[PDB]
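Chains as they are written, first to last, in UniProt numbering: chain A, 194 to 274; chain B, 36 to 167; chain C, 2 to 117; chain D, 70 to 397; chain E, 35 to 242.
Yeah, the Cβ is synthetic: ideal placement off N, Cα and C, and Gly gets one too.
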Amino acid sequence: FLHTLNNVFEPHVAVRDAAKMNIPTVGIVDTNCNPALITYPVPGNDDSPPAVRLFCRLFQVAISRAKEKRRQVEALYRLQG
Amino acid sequence: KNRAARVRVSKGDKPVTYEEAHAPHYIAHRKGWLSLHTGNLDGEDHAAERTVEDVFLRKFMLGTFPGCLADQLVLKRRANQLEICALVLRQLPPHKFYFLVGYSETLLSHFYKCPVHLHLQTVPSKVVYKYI
Amino acid sequence: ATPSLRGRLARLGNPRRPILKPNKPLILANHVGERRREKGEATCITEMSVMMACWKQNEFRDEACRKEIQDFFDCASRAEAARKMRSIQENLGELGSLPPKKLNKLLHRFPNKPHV
Amino acid sequence: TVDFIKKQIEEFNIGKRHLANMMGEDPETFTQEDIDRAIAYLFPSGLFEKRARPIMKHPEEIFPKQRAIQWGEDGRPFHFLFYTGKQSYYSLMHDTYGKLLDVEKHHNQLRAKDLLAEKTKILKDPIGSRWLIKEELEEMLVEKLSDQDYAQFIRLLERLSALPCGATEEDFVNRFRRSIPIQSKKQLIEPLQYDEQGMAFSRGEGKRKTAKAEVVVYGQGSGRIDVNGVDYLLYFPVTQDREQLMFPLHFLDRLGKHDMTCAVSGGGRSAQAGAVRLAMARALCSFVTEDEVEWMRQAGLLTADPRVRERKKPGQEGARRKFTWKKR
Amino acid sequence: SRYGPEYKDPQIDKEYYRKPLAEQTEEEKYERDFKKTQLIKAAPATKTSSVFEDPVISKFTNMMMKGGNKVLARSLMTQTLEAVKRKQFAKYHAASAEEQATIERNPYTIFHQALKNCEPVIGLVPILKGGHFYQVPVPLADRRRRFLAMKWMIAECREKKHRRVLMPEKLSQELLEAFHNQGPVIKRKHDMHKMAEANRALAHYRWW
RNA sequence: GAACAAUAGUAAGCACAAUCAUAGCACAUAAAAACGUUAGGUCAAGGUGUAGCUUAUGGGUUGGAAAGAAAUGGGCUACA
RNA sequence: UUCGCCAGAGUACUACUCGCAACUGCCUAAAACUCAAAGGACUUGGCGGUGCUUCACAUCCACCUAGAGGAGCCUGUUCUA
RNA sequence: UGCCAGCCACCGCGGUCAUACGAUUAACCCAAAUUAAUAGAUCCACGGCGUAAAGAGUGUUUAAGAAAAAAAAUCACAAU
Ligand SMILES: [Mg+2]
Ligand SMILES: [Mg+2]
Ligand SMILES: [Mg+2]
Ligand SMILES: [Mg+2]
Ligand SMILES: [Mg+2]
Ligand SMILES: [Mg+2]
Ligand SMILES: [Mg+2]
Ligand SMILES: [Mg+2]
Ligand SMILES: [Mg+2]
Ligand SMILES: [Mg+2]
Ligand SMILES: [Mg+2]
Ligand SMILES: [Mg+2]
Ligand SMILES: [Mg+2]
Ligand SMILES: [Mg+2]
Ligand SMILES: [Mg+2]
Ligand SMILES: [Mg+2]
Ligand SMILES: [Mg+2]
Ligand SMILES: [Mg+2]
Ligand SMILES: [Mg+2]
Ligand SMILES: [Mg+2]
Ligand SMILES: [Mg+2]
Ligand SMILES: [Mg+2]
Ligand SMILES: [Mg+2]
Ligand SMILES: [Mg+2]
Ligand SMILES: [Mg+2]
Ligand SMILES: [Mg+2]
Ligand SMILES: [Mg+2]
Ligand SMILES: [Mg+2]
Ligand SMILES: [Mg+2]
Ligand SMILES: [Mg+2]
Ligand SMILES: [Mg+2]
Ligand SMILES: [Mg+2]
């Protein structure tokens, strides 16, 4: 969740329902959010543009890096035999 | 509420033939006529005779082929011969079907004093138009 | 400035005696009310009375006073035109404020939190 | 349901071959147009509803469009918006908004370079251009939509077109264009006619309320009118009907200049006057200028009068009038 | 309503279409009329391009008509106009040059003027308040007033004549008497006006 | 169990809607109108559950069914 | 931490007691008997001679036209028969 | 049988298709006993008192109790 709230300022439904579904949840919890049901919360500012752009970029890079590492280790496993 | 020749809505499980799913106001619009004969045309005669004949045929056929009749009969009358056409469930062995074909055609031919043809179309289970 | 709410309502903690007994709880609602349509009153009554005096005096011959008849007519026309044309513009333009629909939407975009 | 479609196409082709054979035609030059005549002749169903009659058609037209499979065999959904529940619509919104941003960027660079080189393509009005209906859009995404959805999208396209239009942008918004067909109410002028050394006669046919009227007018004659072989003062004793006959001529100031013969049948006297009125009006359009035709139409001279007797209804008295209703 | 709301009423006036070139806003207006691809209701049988037809005379004709008889009501109107005409031609030749300058012989202008004089200024509507029905002075629309005039004319010259007496006779009489303001119709108008002054206080009960 | 600058709802089905009819459109009219409500109406259309009759509550023949103190509904013809 | 109160509903702010400047009073306060409930809060309906908006298109008021209710007949009810 | 005759500890049953009455058939359960009636045993609150029964119209003291660790008596306004 890049914002844990919905435009009416209650918690986004998906939080309660992801919990309900046994799905782990990362989310950026601003100062007025409720972190409780969120698996790995990262406290910080969700409202300002450089912040959201930052968090987007980070999660992007992490994902891309992982998918790469998986490709490379797969290749290695293919040459192993 | 008009009730005539209607099949009311059930809980939504009810199998309904193409015929039964169309209320009388749809005749000649969507579904067609279960009989055909000259009698009801403008300048023509003996409508009454053919109506009674019709009624007896539906009853007779329904009793002669118990349980195996799929949909209501189709009665085509052409130049003094009647072709009856029926939708039949497969129940009986073809022995019983041919026995009843021959028996019927002869019986009715001698009853109504005209050549009678019988045409059976066979079907696995009642064709289902709606719900189900 | 809003009137003070401190000490006013009857509560387990409050030392003194109630000042307000609110009929229904004081919690800002998420919508406003709908504007009350204006009570009508008779129109043209003055011009009518003037014409009626003119008649009572001149013994109800219409030829005698053409001015007050014509002016009562003119006025009734201005009251018809008023009834027709004022309805729409009083129903849209609130002047400095917004139509209650827009207010309600605006208030649902930033609602009150009684809960949590 | 893909195997179905494949099979159905196989058997539609085999069948189209068969049909072309019995109808005795070349299997190659057989069209849908021909298939139709062939069935209509082979299985002749009178039924008033055209959708209930026998049909052999290409299964793509018969069957409704299908949402394709949304994910691979591993479970990963193909399109990144899948979980929105409407991928089709929100993609459209995504790319539309993207093109809007693009336009804004490019046009801002061109604002800083002192260039407004674009034009407003937003007026297609002579082409009779309109937006898609909701139905059309719904058919283009193969997905159900909501009224507020359609509204949102259209509003966005509007935002787009209201800016400087790029080439790919113009092309983009123009998928969502349709053109409303011809709008002209101008009549179809009867070609004037010259018969047996006689010059300039025109024809017209009115119909009003159980009365039919055929009127032939000669431009070369003096003023008189012969209805069913007799004079119009004799056939139409009532002033009102003579005035009705007078209306179109007096309107065009042709009142002395034309000579007419009429055949009118059915209806009463007033209905016949009305019929001849309309027919005369329609006949005089050959002799007059194209502008005065528009005038006659705008006087309501050229329109048939649709008002006709309503059918009496069972359980009432008069087609409107009800039997007396007793409260208690 | 065999016409959809799409269909506009026709404009029968010939003068309007004949002389367009001097008016800008009206050129624009009827441009928008036809070019809108606008549908037009077919011009009614009653209404004509005739230079001779007075819409007021036609209305009156209609309000006189019983059953379906236009022929009979148009007869009675025609006869009445002719009767007023000849009554004034009688009053003209038995008079002197002064009164020959004064007296009106156009039956049309007489009809119109006699209706203008007979139309009420003010009117009465019943209003329920506190379980009582008060009669209250109400200003009237134009159409309502013209209607009241015509209807009062016809009601009187139907009702109060002696059975021997024909309609165009009695009607021409009352037209001429209402021309000069001494007719019983006019007395009715005054009864209304007086009932409206008697109740003038109650003018407050009217909320519109 | 809604909020569209959207806050928990998706829903097939039946109705409405659309189409069909009234011989071209359109409009109108016709038709259509679910689930239920009124133990609404009809065992005398026919068929039937339960309960009743069987030299009779069944089957036939012949002849009779009147009538206006009064009250009233809907119409027709009028009063010109 | 205390104190005052409360053991179904009625019967009952009653009957009897004691006390009281109260004498149609206040206070204190039962039982026979009767019942299988009596109560508290809510929910969905329905309803409201409750308020606020919006309407009615032959439709309530305002208004238009033709009729019924009075007569003779025609035909159906109710009674009486 | 038909709101009758009757039945029931409590809820209730009987108005023509009564597993509830009365009798029959089958069953169940106790058993030299089995039901009914009456008395016991048991059973109320270490719970409660805004709306259900219940904070006594007010304050002071008496009797009796608690003190269980840290401080306090006191200033615009319509007490009497
Ligand atoms: Mg924030
Ligand atoms: Mg105090
Ligand atoms: Mg309250
Ligand atoms: Mg009629
Ligand atoms: Mg559904
Ligand atoms: Mg059609
Ligand atoms: Mg329609
Ligand atoms: Mg109907
Ligand atoms: Mg429909
Ligand atoms: Mg009943
Ligand atoms: Mg009954
Ligand atoms: Mg029976
Ligand atoms: Mg009677
Ligand atoms: Mg009737
Ligand atoms: Mg207790
Ligand atoms: Mg007690
Ligand atoms: Mg007391
Ligand atoms: Mg006492
Ligand atoms: Mg005592
Ligand atoms: Mg009415
Ligand atoms: Mg009558
Ligand atoms: Mg009457
Ligand atoms: Mg009568
Ligand atoms: Mg009877
Ligand atoms: Mg017993
Ligand atoms: Mg029994
Ligand atoms: Mg028992
Ligand atoms: Mg028993
Ligand atoms: Mg023992
Ligand atoms: Mg209490
Ligand atoms: Mg207290
Ligand atoms: Mg007290």
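Across which residues does DSSP place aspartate 328 (chain D) in a beta bridge pair?
Residue numbering aside, residue 328 (chain D) sits at position 259 when the fourth sequence is read from its first letter. DSSP, once it has assigned bridges, lists D:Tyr287 and D:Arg293 as partnering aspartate 328 (chain D).
Which residues bound the beta strand (DSSP E) around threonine 157 (chain B)?
In the second sequence, counting from the first residue as 1, residue 157 (chain B) sits at position 122. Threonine 157 (chain B) -> beta strand (DSSP E) spans 151-158.
May I ask which residues mark the beginning and end of the beta strand (DSSP E) holding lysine 276 (chain D)?
Position 207 of the fourth sequence, counted from the start, is the residue given in the question as residue 276 (chain D). Run containing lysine 276 (chain D): 267-277, per the beta strand (DSSP E) assignment.
To be precise: take each residue of the segment 222-235 of chain E, compare its Cβ to all Cβ atoms of chain C, and keep it if any distance is under 7 Å. Which residues remain?
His224, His227, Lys228, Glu231 and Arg234
Which first and last residues belong to the beta strand (DSSP E) in which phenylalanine 167 (chain E) is found?
Within the fifth sequence, numbered from 1, the residue matching residue 167 (chain E) stands at position 133. Here the beta strand (DSSP E) through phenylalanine 167 (chain E) covers 166-173.
From which residue to which residue does the beta strand (DSSP E) around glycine 220 (chain A) run?
Sequence index remark: in the first sequence, residue 220 (chain A) carries index 27 (1-based). Its beta strand (DSSP E) spans residues 219-222.
Below 9 Å on C-beta distance, what does residue 185 (chain A) contact in chain C?
There is no way to answer for residue 185 (chain A), as the model of chain A reaches only from 194 to 274.
Please report how far the alpha carbon of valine 90 (chain E) lies from the alpha carbon of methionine 329 (chain D), in whole angstroms.
Here residue 90 (chain E) refers to the residue found at position 56 when the fifth sequence is read from its first residue. Here residue 329 (chain D) refers to the residue found at position 260 when the fourth sequence is read from its first residue. Roughly 33 Å between the two C-alpha positions.
So, at 7 Å on beta carbons, what are the nonlocal neighbours of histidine 205 (chain A) in its own chain, with the 5 sequence-adjacent residues on each side left out?
By one-based count along the first sequence, residue 205 (chain A) stands at place 12. Answer for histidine 205 (chain A): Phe194, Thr197, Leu198 and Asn199, listed in chain order.
Nearest-angstrom Cα distance between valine 242 (chain D) and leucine 324 (chain D)?
Taking the fourth sequence and counting its residues from 1, one reaches residue 242 (chain D) at position 173. Taking the fourth sequence and counting its residues from 1, one reaches residue 324 (chain D) at position 255. Approximately 57 Å, taken between the alpha carbons.
Can you list, in chain order, the residues of its chain with a C-beta nearer than 6 Å to that of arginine 311 (chain D)? Leave out the 5 residues immediately preceding and following it.
Here the question's residue 311 (chain D) lines up with position 242 in the fourth sequence. Closer than 6 Å at Cβ, skipping near neighbours: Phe305.
Rounded to the nearest angstrom, how far is the Cβ of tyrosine 126 (chain E) from that of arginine 139 (chain E), given a contact under 8 Å?
For this step, residue 126 (chain E) is matched to residue 92 along the fifth sequence. For this step, residue 139 (chain E) is matched to residue 105 along the fifth sequence. So it is a contact: roughly 6 Å between Cβ atoms.
Would you call the segment 39-53 of chain E and the segment 107-121 of chain E in contact, with 3 or more CB pairs under 8 Å?
no
Which class does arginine 177 (chain E) belong to by DSSP, given the choice of helix, strand or coil?
Within the fifth sequence, residue 177 (chain E) is the residue found at index 143, counting from 1. In the structure shown, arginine 177 (chain E) sits in a helix (DSSP, three-state: H, G or I).
Contact defined as beta carbons within less than 8 Å: I believe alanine 129 (chain E) pairs with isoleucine 137 (chain E). What is the distance between those atoms, to the nearest angstrom?
Here residue 129 (chain E) corresponds to residue number 95 of the fifth sequence, with the count starting at 1. Here residue 137 (chain E) corresponds to residue number 103 of the fifth sequence, with the count starting at 1. Right, the Cβ-Cβ distance comes to about 7 Å (below 8 Å), so this counts as a contact.
Under 8 Å, with one C-beta from each stretch per pair, do the segment 60-68 of chain C and the segment 36-45 of chain C reach the 3-pair mark?
no
According to DSSP, simplified to helix, strand and coil, what is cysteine 120 (chain B)?
Taking the first residue of the second sequence as position 1, residue 120 (chain B) is located at position 85. It is a strand residue.
Whose C-beta lies closer than 7 Å to the C-beta of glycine 217 (chain E) among residues of the same chain, with five residues either side of it excluded?
In the fifth sequence, residue 217 (chain E) corresponds to position 183, counting from 1. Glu208 and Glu211.
Give every residue of the same chain whose Cβ lies closer than 7 Å to the Cβ of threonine 80 (chain E), excluding the five residues on either side of it in the sequence, and list them in chain order.
Position 46 of the fifth sequence, counted from the first residue, corresponds to residue 80 (chain E). So the list reads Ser92, once near-sequence residues are dropped.
Would you mind listing the alpha helix (DSSP H) stretches within the UniProt domain "Small ribosomal subunit protein uS7" (79-234) of chain E that are 4+ residues and don't spill past its ends, in chain order?
89-98, 104-127, 131-136, 141-152, 176-193, 201-213 and 218-232
Give me the residue from A:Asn215, A:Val254, A:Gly274 and A:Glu267 with the minimum Cα distance to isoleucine 231 (chain A).
Counting from 1 along the first sequence, the entry for residue 231 (chain A) is found at position 38. When only C-alpha atoms are compared, the closest one is A:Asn215.
Starting from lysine 111 (chain B), trace the beta strand (DSSP E) both ways and give me its first and last residue.
Here residue 111 (chain B) refers to the residue found at position 76 when the second sequence is read from its first residue. Taken as a continuous stretch (DSSP letters only), the beta strand (DSSP E) holding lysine 111 (chain B) covers 109-113.
Considering just the uninterrupted stretch of the beta strand (DSSP E) at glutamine 262 (chain D), what are its terminal residues?
If you number the fourth sequence from 1, residue 262 (chain D) lands on position 193. Start and end: 262-264.
Hey, is the segment 262-274 of chain D in contact with the segment 215-232 of chain D, meaning 3+ C-beta pairs nearer than 8 Å?
No: fewer than three Cβ pairs fall under 8 Å.
Any beta-carbon of chain C closer than 7 Å to the one on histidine 127 (chain E)?
Against the fifth sequence, residue 127 (chain E) aligns to sequence position 93. So, not an interface residue.
List the residues of chain B that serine 114 (chain D) touches, going by C-beta distances under 8 Å, in chain order.
For the purposes of this step, residue 114 (chain D) is identified with residue 45 of the fourth sequence, where counting begins at 1. Going along chain B in sequence order, the residues near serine 114 (chain D) (Cβ under 8 Å) are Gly67.
Quick one: what's got a C-beta closer than 6 Å to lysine 111 (chain B)'s C-beta in the same chain, skipping five residues either side?
In the second sequence, counting from the first residue as 1, residue 111 (chain B) sits at position 76. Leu71 and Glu118, listed in sequence order.
Answer with yes or no whether the minimum CB distance from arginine 36 (chain E) to chain D is below 7 Å.
Numbered from its first residue, the fifth sequence carries residue 36 (chain E) at position 2. Interface residue, yes.
What are the boundary residues of the alpha helix (DSSP H) that includes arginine 110 (chain C)?
Translated into positions along the third sequence, residue 110 (chain C) becomes position 109. Start and end: 101-110.
Does the count of Cβ pairs from the segment 82-94 of chain B and the segment 120-140 of chain B closer than 8 Å reach three?
no
Compute the distance between the beta-carbons of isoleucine 221 (chain A) and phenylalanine 248 (chain A), then report whether it is under 7 Å.
In the first sequence, the residue the question calls residue 221 (chain A) occupies position 28. In the first sequence, the residue the question calls residue 248 (chain A) occupies position 55. It is a contact, given that the beta carbons lie within the stated cut-off.
Beta carbon of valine 345 (chain D), beta carbon of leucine 314 (chain D): below 7 Å?
Here residue 345 (chain D) refers to the residue found at position 276 when the fourth sequence is read from its first residue. Here residue 314 (chain D) refers to the residue found at position 245 when the fourth sequence is read from its first residue. In contact: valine 345 (chain D) and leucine 314 (chain D) (Cβ atoms closer than 7 Å).
Give me the chain B residues within the contact set of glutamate 118 (chain D), using Cβ-Cβ distance strictly less than 7 Å, ordered along the chain.
Position 49 of the fourth sequence, counted from the start, is the residue given in the question as residue 118 (chain D). By Cβ distance, chain B contributes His64 and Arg65.
In its own chain, which residues sit with a C-beta less than 7 Å from the C-beta of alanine 183 (chain E), not counting the 5 before and 5 after it?
Position 149 of the fifth sequence, counted from the first residue, corresponds to residue 183 (chain E). The answer, listed in chain order, is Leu149, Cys152 and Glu153.
Would you mind stating whether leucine 229 (chain D) and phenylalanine 245 (chain D) have Cβ atoms separated by less than 7 Å?
By one-based count along the fourth sequence, residue 229 (chain D) stands at place 160. By one-based count along the fourth sequence, residue 245 (chain D) stands at place 176. Not in contact: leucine 229 (chain D) and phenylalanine 245 (chain D) (Cβ atoms no closer than 7 Å).
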